[PDB]
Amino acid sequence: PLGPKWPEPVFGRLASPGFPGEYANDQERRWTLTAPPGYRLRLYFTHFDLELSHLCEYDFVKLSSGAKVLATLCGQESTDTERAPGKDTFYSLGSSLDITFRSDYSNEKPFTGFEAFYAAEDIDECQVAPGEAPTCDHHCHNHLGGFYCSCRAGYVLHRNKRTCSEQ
């Protein structure tokens, strides 16, 4: 028998150029991260020190999953402003994550940049928000990389893979 395909350990690290040193001006960097289907990406910062800007129009770290923009980060973790990431965790809405670091023409002070880490994790597609239709008619089974439905005794799974019909 062809052995069961297990999870690839997709995880990594991102850091501003020259981290932990000052980061040059007018820098531009982009990273594209993806996890296997059935897996989302979790990312968080261990270090965040950028030029503070009212709407991060100067220096910044933008996180994006597809169209939606997860947040535009900037500012120092030391001053604990509102633009900084802090310890928040970020997740990709699909299985993709796009990160961009943007350094403008000059720095008020010697900002040390940022360091981030990410890791693929299993999406529990059995998880649904309060008041939303349950992912399965009868029973929901989540496993690594996917999920499936099952029926109570006396019933049988419909061709649609969710509906349970009496038998």
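One-based numbering along the sequence shown.
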Higher-scoring stretch by recorded Cα B factor average, 54-62 or 129-137:
54-62
Can you tell me whether 113-121 has a higher mean C-alpha B factor than 95-103 in this record, or the other way round?
95-103
Can you work out whether the C-alpha temperature factor of residue 163 puts it in the lowest, middle or highest third of the chain?
lowest
Could you place residue 21 in the lowest, middle or highest third of its chain by Cα temperature factor, using the values in the record?
middle
Going by the CA temperature factor in the PDB record, which third of the chain does residue 32 belong to: lowest, middle or highest?
middle
Relative to the other modelled residues in the chain, which third contains the C-alpha temperature factor of residue 43: lowest, middle or highest?
lowest
On the chain's distribution of Cα B-factors, residue 72 falls within the third called middle
